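S.K.: Input: one structure, supplied below.
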Amino acid sequence: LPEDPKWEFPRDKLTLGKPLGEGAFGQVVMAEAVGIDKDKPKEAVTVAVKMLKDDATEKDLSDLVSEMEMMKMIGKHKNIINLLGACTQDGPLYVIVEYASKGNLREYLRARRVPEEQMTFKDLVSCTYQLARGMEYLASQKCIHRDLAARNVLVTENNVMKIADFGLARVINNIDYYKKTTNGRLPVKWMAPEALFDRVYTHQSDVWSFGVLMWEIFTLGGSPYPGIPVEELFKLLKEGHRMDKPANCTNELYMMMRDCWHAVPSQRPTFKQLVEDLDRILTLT
Ligand SMILES: Nc1ncnc2c1ncn2[C@@H]1O[C@H](COP(=O)(O)OP(=O)(O)NP(=O)(O)O)[C@@H](O)[C@H]1O
């Protein structure tokens, strides 16, 4: 792999610790990184390290490299998982990122329905607000995430919501992102119809996904289109089906979901608008 000195971190300053989880393209381990935070240059920082599994494919390696490169481009923001460094030379590829001790949002919510704590309604609105802020920022950086979902949000020790899993994200210009393929690699239940049927993707497709994410949040980690298999959703979406209102959701926030699910992308809210609406709702709690 080519060197990128501004991101490279010395392997001898990294100490791997316990596994945090694994997927079908990589694994993540906790680690201590001495000197990685130049605001505290003497200190060890607890980080997460993404790396290949022993059964990794060639495509897994190219994907991990591509994920690292995307994270170099998306800037820095409180409500996204930020890249901290990488070990790319003379050894296995290590992609070093911010550590979120409370795991992904889907499990965090399902575990707070013995529960860890109780989610107040204010907590859920705040969580929604933070993620709209993250997506607003990503869209300002001309990034479409394409895989927004509760499983791809991470939660820090201080309950900070961080958008993560940039492996499918793309940088676009002004017009729709378009590449025609045989079959897509995006979770169908979170995809905007124009993405599913027309292979086109804009920031407004991410807005659709955000509406699904809202539904996951206010169902405390429920599964979208409950009891509807992916196989049958193609037809139901084309015919205009939409999810019902979660129990713990206000009619105001449900109207917000349904706006995100507008059939016409240009008629959905923008993330800037969602942040403004969510700012108002959250201050009134
Ligand atoms: N920065 C992190 N801090 C703490 N835990 C993490 C971090 N990143 C990932 N994990 C966890 O370790 C596991 C690794 O999975 P991950 O690398 O996130 O891909 P994925 O989200 O499982 N696949 P997908 O949702 O289909 O895109 C997940 O269970 C995460 O919850």
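Simple scheme: letters A, B, ... for chains in structure tokens order, numbers from 1 for residues in each chain, numbers from 1 for ligands in the order shown.
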Per DSSP on the backbone, what are the strand (DSSP E or B) residues of stretch 164-266 of chain A, as a PyMOL selection string?

M.R.: chain A and resi 170-171+177-178+200-201

S.K.: Write as JSON, numbers by chain the residues around ligand 1, taking 9 Å as the cut-off and counting only C-alpha atoms and all ligand atoms.

M.R.: {"A": [19, 20, 21, 22, 23, 24, 25, 26, 27, 28, 29, 30, 47, 48, 49, 50, 51, 81, 82, 96, 97, 98, 99, 100, 101, 102, 103, 104, 105, 107, 147, 149, 150, 151, 152, 153, 154, 155, 156, 164, 165, 166, 167, 168, 186, 187]}

S.K.: Would you pick out the contacts of residue A:78 at 10 Å or less, using only C-alpha atoms, so that residues sharing its chain but fewer than 5 positions from it are not included, and give the list as a VMD selection string?

M.R.: chain A and resid 130 133 to 134 137 160 to 163

S.K.: I'd like the neighbourhood of stretch 278-282 of chain A as a ChimeraX atom specification, where a residue qualifies if any of its atoms comes within 9 Å (using only C-alpha atoms), though same-chain residues fewer than 6 positions away should be ignored.

M.R.: /A:122,125-126,128-129,132,253

S.K.: Would you kindly return, as a ChimeraX atom specification, each protein, DNA or RNA residue with an atom no farther than 7 Å from any atom of residue A:46, considering only C-alpha atoms and excluding same-chain residues fewer than 2 positions away?

M.R.: /A:31-33,44,99

S.K.: Filtering to C-alpha atoms, could you give me those residues as a PDB file, in the first residue's frame?

M.R.:
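Generated output (selection-v6.pdb):
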ATOM      1  CA  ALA A  31      -6.203  -0.813  21.672  1.00  0.00           C
ATOM      2  CA  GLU A  32      -3.981   1.707  23.422  1.00  0.00           C
ATOM      3  CA  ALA A  33      -2.259   4.252  21.160  1.00  0.00           C
ATOM      4  CA  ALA A  44      -2.125   6.619  25.824  1.00  0.00           C
ATOM      5  CA  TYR A  99     -13.451   4.182  20.370  1.00  0.00           C
TER       6      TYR A  99
END

S.K.: Could you tell me how far atom CA of residue A:192 lies from atom CA of residue A:209, in Å and to one decimal?

M.R.: 6.7 Å

S.K.: Tell me which protein, DNA and RNA residues are within 9 Å of stretch 210-227 of chain A, counting only C-alpha atoms, leaving out same-chain ones fewer than 5 positions away, and put them as an mmCIF file with N, CA and C atoms, in the first residue's frame.

M.R.:
data_model
loop_
_atom_site.group_PDB
_atom_site.id
_atom_site.type_symbol
_atom_site.label_atom_id
_atom_site.label_comp_id
_atom_site.auth_asym_id
_atom_site.auth_seq_id
_atom_site.Cartn_x
_atom_site.Cartn_y
_atom_site.Cartn_z
ATOM 1 N N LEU A 105 -25.797 1.592 17.968
ATOM 2 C CA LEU A 105 -27.040 2.159 18.489
ATOM 3 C C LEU A 105 -28.142 1.109 18.580
ATOM 4 N N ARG A 106 -28.239 0.215 17.596
ATOM 5 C CA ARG A 106 -29.320 -0.770 17.626
ATOM 6 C C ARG A 106 -29.275 -1.582 18.918
ATOM 7 N N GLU A 107 -28.104 -2.128 19.252
ATOM 8 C CA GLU A 107 -27.980 -2.890 20.496
ATOM 9 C C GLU A 107 -28.128 -1.997 21.733
ATOM 10 N N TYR A 108 -27.544 -0.792 21.707
ATOM 11 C CA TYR A 108 -27.701 0.158 22.812
ATOM 12 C C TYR A 108 -29.173 0.402 23.129
ATOM 13 N N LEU A 109 -29.991 0.578 22.089
ATOM 14 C CA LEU A 109 -31.414 0.815 22.287
ATOM 15 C C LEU A 109 -32.127 -0.448 22.749
ATOM 16 N N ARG A 110 -31.862 -1.580 22.089
ATOM 17 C CA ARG A 110 -32.520 -2.809 22.510
ATOM 18 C C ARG A 110 -32.189 -3.140 23.959
ATOM 19 N N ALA A 111 -30.999 -2.754 24.418
ATOM 20 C CA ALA A 111 -30.586 -2.992 25.792
ATOM 21 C C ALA A 111 -31.144 -1.975 26.777
ATOM 22 N N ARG A 112 -31.933 -1.005 26.325
ATOM 23 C CA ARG A 112 -32.495 0.000 27.221
ATOM 24 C C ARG A 112 -34.002 0.079 27.063
ATOM 25 N N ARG A 113 -34.638 -1.068 26.863
ATOM 26 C CA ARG A 113 -36.084 -1.128 26.719
ATOM 27 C C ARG A 113 -36.773 -1.332 28.062
ATOM 28 N N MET A 119 -34.674 4.921 28.398
ATOM 29 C CA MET A 119 -34.639 6.019 27.447
ATOM 30 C C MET A 119 -35.814 6.948 27.730
ATOM 31 N N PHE A 121 -38.058 10.200 26.508
ATOM 32 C CA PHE A 121 -38.395 10.733 25.195
ATOM 33 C C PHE A 121 -37.380 11.786 24.774
ATOM 34 N N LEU A 124 -34.397 10.224 23.190
ATOM 35 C CA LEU A 124 -34.569 9.749 21.821
ATOM 36 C C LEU A 124 -34.506 10.897 20.827
ATOM 37 N N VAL A 125 -35.146 12.025 21.160
ATOM 38 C CA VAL A 125 -35.073 13.224 20.325
ATOM 39 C C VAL A 125 -33.638 13.732 20.227
ATOM 40 N N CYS A 127 -30.817 11.964 20.553
ATOM 41 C CA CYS A 127 -30.163 11.013 19.666
ATOM 42 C C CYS A 127 -30.482 11.322 18.206
ATOM 43 N N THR A 128 -31.768 11.549 17.900
ATOM 44 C CA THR A 128 -32.147 11.919 16.538
ATOM 45 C C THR A 128 -31.486 13.221 16.124
ATOM 46 N N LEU A 131 -27.767 12.825 15.205
ATOM 47 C CA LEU A 131 -27.545 12.127 13.940
ATOM 48 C C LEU A 131 -27.950 12.989 12.740
ATOM 49 N N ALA A 132 -29.006 13.801 12.865
ATOM 50 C CA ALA A 132 -29.264 14.778 11.809
ATOM 51 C C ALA A 132 -28.090 15.751 11.661
ATOM 52 N N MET A 135 -25.353 14.025 9.776
ATOM 53 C CA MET A 135 -25.656 13.871 8.357
ATOM 54 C C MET A 135 -25.635 15.219 7.653
ATOM 55 N N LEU A 148 -26.959 4.348 6.032
ATOM 56 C CA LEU A 148 -27.389 4.865 7.324
ATOM 57 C C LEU A 148 -28.401 3.908 7.951
ATOM 58 N N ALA A 149 -28.187 3.573 9.227
ATOM 59 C CA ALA A 149 -28.976 2.590 9.957
ATOM 60 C C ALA A 149 -28.439 2.553 11.375
ATOM 61 N N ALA A 150 -29.282 2.095 12.307
ATOM 62 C CA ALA A 150 -28.882 2.093 13.711
ATOM 63 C C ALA A 150 -27.664 1.212 13.964
ATOM 64 N N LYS A 189 -34.061 -2.652 3.218
ATOM 65 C CA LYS A 189 -35.089 -2.010 4.032
ATOM 66 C C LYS A 189 -34.763 -0.562 4.405
ATOM 67 N N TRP A 190 -33.554 -0.090 4.114
ATOM 68 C CA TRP A 190 -33.166 1.284 4.388
ATOM 69 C C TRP A 190 -33.008 2.113 3.122
ATOM 70 N N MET A 191 -33.215 1.527 1.934
ATOM 71 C CA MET A 191 -32.903 2.204 0.679
ATOM 72 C C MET A 191 -34.077 3.026 0.183
ATOM 73 N N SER A 205 -31.568 10.686 -0.887
ATOM 74 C CA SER A 205 -31.704 9.256 -0.593
ATOM 75 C C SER A 205 -31.260 8.942 0.833
ATOM 76 N N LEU A 233 -40.852 -6.565 -0.196
ATOM 77 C CA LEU A 233 -40.853 -5.112 -0.073
ATOM 78 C C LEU A 233 -40.698 -4.416 -1.420
ATOM 79 N N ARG A 242 -45.836 2.416 3.384
ATOM 80 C CA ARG A 242 -45.005 3.125 4.357
ATOM 81 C C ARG A 242 -45.222 2.520 5.735
ATOM 82 N N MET A 243 -44.201 2.610 6.590
ATOM 83 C CA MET A 243 -44.324 2.060 7.932
ATOM 84 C C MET A 243 -45.304 2.867 8.784
ATOM 85 N N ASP A 244 -45.948 2.170 9.726
ATOM 86 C CA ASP A 244 -46.823 2.770 10.727
ATOM 87 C C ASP A 244 -46.013 3.599 11.732
ATOM 88 N N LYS A 245 -46.731 4.368 12.556
ATOM 89 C CA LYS A 245 -46.090 5.214 13.561
ATOM 90 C C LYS A 245 -45.651 4.379 14.759
ATOM 91 N N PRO A 246 -44.402 4.486 15.206
ATOM 92 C CA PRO A 246 -44.021 3.799 16.445
ATOM 93 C C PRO A 246 -44.859 4.290 17.620
ATOM 94 N N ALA A 247 -44.928 3.460 18.665
ATOM 95 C CA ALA A 247 -45.745 3.794 19.829
ATOM 96 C C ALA A 247 -45.236 5.062 20.515
ATOM 97 N N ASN A 248 -43.948 5.092 20.870
ATOM 98 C CA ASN A 248 -43.335 6.180 21.631
ATOM 99 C C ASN A 248 -42.972 7.395 20.784
ATOM 100 N N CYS A 249 -43.453 7.463 19.555
ATOM 101 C CA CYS A 249 -43.214 8.587 18.666
ATOM 102 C C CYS A 249 -44.409 9.548 18.683
ATOM 103 N N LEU A 253 -43.185 13.958 15.138
ATOM 104 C CA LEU A 253 -42.012 13.235 14.667
ATOM 105 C C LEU A 253 -42.373 12.187 13.625
ATOM 106 N N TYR A 254 -43.612 11.671 13.657
ATOM 107 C CA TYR A 254 -44.028 10.743 12.610
ATOM 108 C C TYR A 254 -44.241 11.474 11.293
ATOM 109 N N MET A 256 -42.549 13.930 10.438
ATOM 110 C CA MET A 256 -41.171 14.083 9.986
ATOM 111 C C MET A 256 -40.674 12.822 9.282
ATOM 112 N N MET A 257 -40.915 11.636 9.861
ATOM 113 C CA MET A 257 -40.555 10.405 9.152
ATOM 114 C C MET A 257 -41.208 10.355 7.785
ATOM 115 N N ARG A 258 -42.520 10.579 7.739
ATOM 116 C CA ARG A 258 -43.244 10.445 6.484
ATOM 117 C C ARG A 258 -42.768 11.446 5.445
ATOM 118 N N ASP A 259 -42.365 12.650 5.877
ATOM 119 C CA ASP A 259 -41.731 13.610 4.967
ATOM 120 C C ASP A 259 -40.424 13.052 4.399
ATOM 121 N N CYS A 260 -39.592 12.437 5.249
ATOM 122 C CA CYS A 260 -38.375 11.787 4.751
ATOM 123 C C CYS A 260 -38.690 10.694 3.745
ATOM 124 N N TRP A 261 -39.884 10.098 3.818
ATOM 125 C CA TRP A 261 -40.262 9.024 2.909
ATOM 126 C C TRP A 261 -41.083 9.529 1.727
#

S.K.: One number please: atom CA of residue A:45 to atom CA of residue A:94, in Å, one decimal.

M.R.: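 Those two atoms sit 15.6 Å apart.
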
S.K.: Just the residues within 9 Å of residue A:201, please, counting only C-alpha atoms, with nothing from its chain fewer than 6 positions along; format it as an MDAnalysis selection string.

M.R.: chainID A and resid 144 146 176:178 192 194:195

S.K.: Save out the residues we just selected, N, CA, C and O atoms, as an mmCIF file, in the first residue's frame.

M.R.:
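Okay, this is what ended up in out-v3.cif:
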data_model
loop_
_atom_site.group_PDB
_atom_site.id
_atom_site.type_symbol
_atom_site.label_atom_id
_atom_site.label_comp_id
_atom_site.auth_asym_id
_atom_site.auth_seq_id
_atom_site.Cartn_x
_atom_site.Cartn_y
_atom_site.Cartn_z
ATOM 1 N N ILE A 144 -22.261 11.141 0.405
ATOM 2 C CA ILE A 144 -23.467 10.332 0.602
ATOM 3 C C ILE A 144 -23.048 9.040 1.289
ATOM 4 O O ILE A 144 -22.137 8.344 0.818
ATOM 5 N N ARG A 146 -25.036 6.216 2.210
ATOM 6 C CA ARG A 146 -25.681 5.120 1.500
ATOM 7 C C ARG A 146 -25.998 3.944 2.407
ATOM 8 O O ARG A 146 -26.673 3.023 1.963
ATOM 9 N N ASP A 176 -26.964 13.512 -9.483
ATOM 10 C CA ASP A 176 -27.163 12.200 -8.881
ATOM 11 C C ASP A 176 -25.954 11.306 -9.111
ATOM 12 O O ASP A 176 -25.369 11.289 -10.199
ATOM 13 N N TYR A 177 -25.574 10.581 -8.061
ATOM 14 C CA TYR A 177 -24.640 9.475 -8.200
ATOM 15 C C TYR A 177 -25.332 8.351 -8.952
ATOM 16 O O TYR A 177 -26.479 8.005 -8.647
ATOM 17 N N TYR A 178 -24.655 7.805 -9.957
ATOM 18 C CA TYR A 178 -25.250 6.756 -10.778
ATOM 19 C C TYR A 178 -24.158 5.827 -11.284
ATOM 20 O O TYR A 178 -23.203 6.268 -11.932
ATOM 21 N N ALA A 192 -33.769 4.217 -0.323
ATOM 22 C CA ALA A 192 -34.777 5.027 -0.992
ATOM 23 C C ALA A 192 -35.198 4.343 -2.288
ATOM 24 O O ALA A 192 -34.389 3.653 -2.917
ATOM 25 N N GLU A 194 -35.744 5.391 -5.331
ATOM 26 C CA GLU A 194 -34.958 5.695 -6.519
ATOM 27 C C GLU A 194 -33.595 5.009 -6.472
ATOM 28 O O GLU A 194 -33.032 4.677 -7.525
ATOM 29 N N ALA A 195 -33.072 4.738 -5.270
ATOM 30 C CA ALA A 195 -31.853 3.937 -5.170
ATOM 31 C C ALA A 195 -32.132 2.477 -5.501
ATOM 32 O O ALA A 195 -31.399 1.843 -6.277
#

S.K.: Mind listing the alpha helix (DSSP H) residues of stretch 71-284 of chain A, per DSSP on the backbone, as a ChimeraX atom specification?

M.R.: /A:71-73,105-110,121-140,193-198,203-218,230-238,251-260,271-283
